[PDB]
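Shown next, in structure tokens, is the structure this report addresses.
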Amino acid sequence: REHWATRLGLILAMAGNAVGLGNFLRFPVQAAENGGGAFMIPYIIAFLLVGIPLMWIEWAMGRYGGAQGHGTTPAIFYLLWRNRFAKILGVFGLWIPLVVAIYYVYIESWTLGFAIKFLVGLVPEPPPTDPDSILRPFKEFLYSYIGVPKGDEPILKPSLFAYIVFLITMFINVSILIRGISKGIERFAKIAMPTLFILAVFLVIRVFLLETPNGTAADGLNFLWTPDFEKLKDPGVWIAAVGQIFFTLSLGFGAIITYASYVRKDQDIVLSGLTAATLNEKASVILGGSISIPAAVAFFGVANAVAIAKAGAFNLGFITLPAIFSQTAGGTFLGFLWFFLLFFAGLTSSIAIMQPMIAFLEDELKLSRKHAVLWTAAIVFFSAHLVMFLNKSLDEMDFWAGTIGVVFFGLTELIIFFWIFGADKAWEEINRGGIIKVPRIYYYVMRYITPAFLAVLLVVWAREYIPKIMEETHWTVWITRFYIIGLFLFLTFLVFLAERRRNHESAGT
Ligand SMILES: CCCCCCCCO[C@@H]1O[C@H](CO)[C@@H](O)[C@H](O)[C@H]1O
Ligand SMILES: CCCCCCCCO[C@@H]1O[C@H](CO)[C@@H](O)[C@H](O)[C@H]1O
Ligand SMILES: CCCCCCCCO[C@@H]1O[C@H](CO)[C@@H](O)[C@H](O)[C@H]1O
Ligand SMILES: CCCCCCCCO[C@@H]1O[C@H](CO)[C@@H](O)[C@H](O)[C@H]1O
Ligand SMILES: CCCCCCCCO[C@@H]1O[C@H](CO)[C@@H](O)[C@H](O)[C@H]1O
Ligand SMILES: CC(C)C[C@H](N)C(=O)O
Ligand SMILES: [Cl-]
Ligand code: NA
Ligand code: NA
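Right, dumping it as structure tokens:
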């Protein structure tokens with residue numbers, strides 16, 4: 005089996021795994037929609053009560069599984085719980101990263117696409135003061151690119167350039183993943199990460215220098231870092247904060263697990279898991295949070311920033327922020343740095359969410375790494391046409407695999423590892439090989455607090471939120487719903503073939 009070559013590569017591969025588009029696109033929207041400083045409180049607690057503990061658990065499962073030649077959850081879930089239902093529950097660990105991959109890679113490609121058009125200076129030319139005459143040319147720039155519907159039909163019509171950049175993007179993902187852990191994901195993570203850090207620093211600095219009749223970047227920082235204890239009681243704020251902790255630290259995607267399974271059996275995972283998590287939360291709160299919001303608040307003042315955040319998720323990153331940059335000298339280049347930064351951030355995270363399925367085709371179905379990568383690209387590339395041409399298809403997947411799936415799977419891997427497998431055997435397994443050990447208090451946060459926190463979350467969710475989505479959506483949602491349910495049975499079928507081949511291989515030995 006393959007292993008990470010250096011302690012550094014591993015840590016940067018894991019930090020690039022987590023540090024993605026969620027840090028620079030999702031976090032900003034989420035923190036502003038949810039009252040700025042009023043979101044930061046739950047977010048910090050959630051990081052201490054859910055974030056860190058699950059990070060460790062997944063590394064643990066990962067290294068544990070990897071040692072015995074398995075890097076995915078259908079296998080590993082069976083090793084922790086010798087039951088047929090563990091393989092099935094373990095499927096979600098290939099399903100989630102696959103579905104998410106299907107729409108992540110596409111979005112990631114956009115940034116490449118925009119990155120290229122801003123470099124070359126093929127970008128809208130806003131008429132040099136009216137906020138709309140400026141924002142509109144860019145709304146149309148995005149709307150043309152991805153192909154937003156103009157009439158009554160839920161049909162996206164992607165530009166050709168977009169489509170072909172989606173090919174290159176796939177190609178670029180494959181060229182890394184096909185070289186493997188150490189010579190691919192690892193070699194790349196050592197270049198990407200520093201680059202990502204520099205670009206973001208440069209942007210953060212340049213943004214801090216923004217001033218307008220309407221404010222300064224400072225006002226954005228205040229808005230973001232001013233406590234509002236009159237929300238703490240809002241369950242929407244806690245479901246917001248926790249949903250953001252998961253996505254950002256790649257928990258419940260089975261990606262941490264799969265990566266971790268390339269960690270040598272003896273290698274520490276306590277100081278490593280802790281370093282990777284702490285990297286993702288700096289990049290998140292220090293960098294991601296100091297680019298979008300400050301710039302928006304500095305040009306529009308807070309009241310309008312918030313209104314934009316709520317407008318959509320991509321309004322800020324793909325429309326507002328470029329439009330703002332366009333009102334500054336070389337703001338086109340700056341735009342390119344902005345998108346070139348996003349790209350690398352989405353590239354390092356998309357290679358991560360595609361490795362689970364790969365690791366399964368090699369591990370369980372004994373395919374070469376090459377065929378594994380190729381087929382995994384074909385499944386994602388084919389399926390991505392759904393996302394490309396079906397309006398709000400992305401939104402549906404991001405909900406079932408990227409929102410509901412992750413939380414349910416997180417609680418699930420926690421209940422299998424710490425409750426079924428064994429709390430003590432889990433503790434012993436997490437701490438084993440550590441450079442540092444785990445704060446004794448955390449044992450009790452993992453065994454009682456965490457699972458009760460989440461369990462409650464999911465309960466409120468299934469009551470005060472999910473009924474609206476099942477009933478108040480358009481009818482096309484049932485196409486994607488049909489498709490991603492179809493993917494699950496397919497995965498369920500390979501898990502079936504894999505256990506069969508194993509039976510034939512045990513008999514033939
Ligand atoms: C392998 C599965 C293929 C199924 C259908 C392929 C559709 C390709 O369609 C292409 O996409 C672009 C985006 O709008 C357009 O620019 C092109 O004119 C079009 O040929
Ligand atoms: C990284 C390289 C990507 C290049 C792919 C070219 C995409 C083809 O796109 C075409 O180009 C023209 C001009 O820009 C437009 O007039 C056409 O409407 C468009 O279909
Ligand atoms: C459920 C998802 C199905 C994806 C199949 C999409 C097939 C591509 O469809 C084609 O693409 C072009 C661009 O919009 C159009 O010019 C063509 O008229 C259309 O035939
Ligand atoms: C479910 C997602 C799939 C979206 C595909 C959108 C493509 C729209 O393409 C349409 O297809 C028809 C059938 O060949 C043609 O008769 C139409 O002229 C054409 O506009
Ligand atoms: C509710 C979760 C809070 C997490 C913060 C934990 C900080 C570490 O806590 C420390 O770790 C040591 C080992 O267990 C103890 O010896 C110390 O008394 C303690 O101060
Ligand atoms: C699906 C994961 C790779 C997402 C990643 N943690 C991000 O914040 O973008
Ligand atoms: Cl985050
Ligand atoms: Na990333
Ligand atoms: Na992240």
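According to the deposited numbering, the residues represented by the sequence shown are 5 to 132, 135 to 515, in order.
We treat Cβ as the ideally placed atom computed from N, Cα and C, and that holds for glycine.
Rounded to whole angstroms, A468 and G416 show a C-alpha spacing of 16 Å. A check of alpha carbon separations from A317 across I455, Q34, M452 identifies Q34 as the nearest. Per DSSP, the beta-bridge partners of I161 are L396. Annotation for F459: the continuous alpha helix (DSSP H) segment containing it runs 456–470. The DSSP assignment places 361–369, 375–395 as complete runs of the alpha helix (DSSP H) inside the region 340–402, in order along the chain (cut-off: 4 residues). Our two residues, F167 and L230, have alpha carbons roughly 37 Å apart in a direct line.
Taking C-beta atoms as the reference points, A42 and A282 fail to come closer than 9 Å. Relative to ligand 8, even the nearest heavy atom lies 8 Å or more away from the CB of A64.
Beta-bridge pairing by DSSP links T218 to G221. The three-state reading of DSSP puts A9 in coil, since its state is none of H, G, I, E or B. Excluding its 5 nearest sequence neighbours in each direction, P241 has C-beta neighbours in its own chain below 6 Å: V466, listed in chain order. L348 is a Cβ neighbour of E112, given a cutoff of 9 Å. In this structure, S399 has its CB at a distance of at least 8 Å from all heavy atoms of ligand 1.
Scanning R438, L293, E368, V124 for the CA closest to the CA of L500 turns up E368. Measuring C-alpha to C-alpha distances from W63 to each of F423, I485, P130, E505 identifies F423 as the nearest. By the criterion of at least three beta-carbon pairs nearer than 8 Å, the region 37–53 is not in contact with the region 325–338.
Sequence-distant Cβ neighbours of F96 in its own chain, meaning closer than 7 Å and more than five residues away, are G411, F415.
In this structure, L141 keeps its C-beta atom at 9 Å or more from the C-beta atom of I152.
Contact holds between the region 100–119 and the region 385–395, because three or more Cβ pairs, one in each stretch, are under 8 Å apart. Runs of the alpha helix (DSSP H) lying entirely within the region 294–336, each at least 4 residues long, are 298–306, 308–317, 327–331 in chain order. No residue range can be given for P155, since it is assigned to no alpha helix (DSSP H) and is classified by DSSP as neither H nor E. Taking 8 Å as the cut-off, one finds at least one heavy atom of ligand 1 near enough to the beta carbon of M394.
Taking the CA atoms as reference points, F339 sits about 15 Å from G323. Look at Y268 here: in three-state DSSP terms it is coil, with no helix or strand label. Taking the C-beta atoms as reference points, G279 is found nearer than 9 Å to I56. Taking 9 Å as the cut-off, the Cβ atoms of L29 and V180 do not count as close.
If you check the CB distance, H7 and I187 come in under 9 Å. In this model, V276 and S290 are separated by some 21 Å (Cα to Cα). In this structure, ligand 3 has no non-hydrogen atom nearer than 8 Å to the beta-carbon of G492.
Distances from the CA of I421 to each of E192, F81, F502 were compared; the closest alpha carbon is that of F81.
Contact check for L327 and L205: beta-carbon distance about 14 Å, past the 8 Å limit, so the pair fails to qualify. Setting aside the 5 residues that flank it on each side, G40 is surrounded in the same chain by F229, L230, each with a C-beta closer than 6 Å to its C-beta; the list follows chain order. CA-CA distance, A304 to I297, rounds to 11 Å.
Excluding its 5 nearest sequence neighbours in each direction, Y448 has C-beta neighbours in its own chain below 7 Å: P57, listed in chain order. Comparing alpha-carbon positions, the option among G352, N397, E146 lying closest to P130 turns out to be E146.
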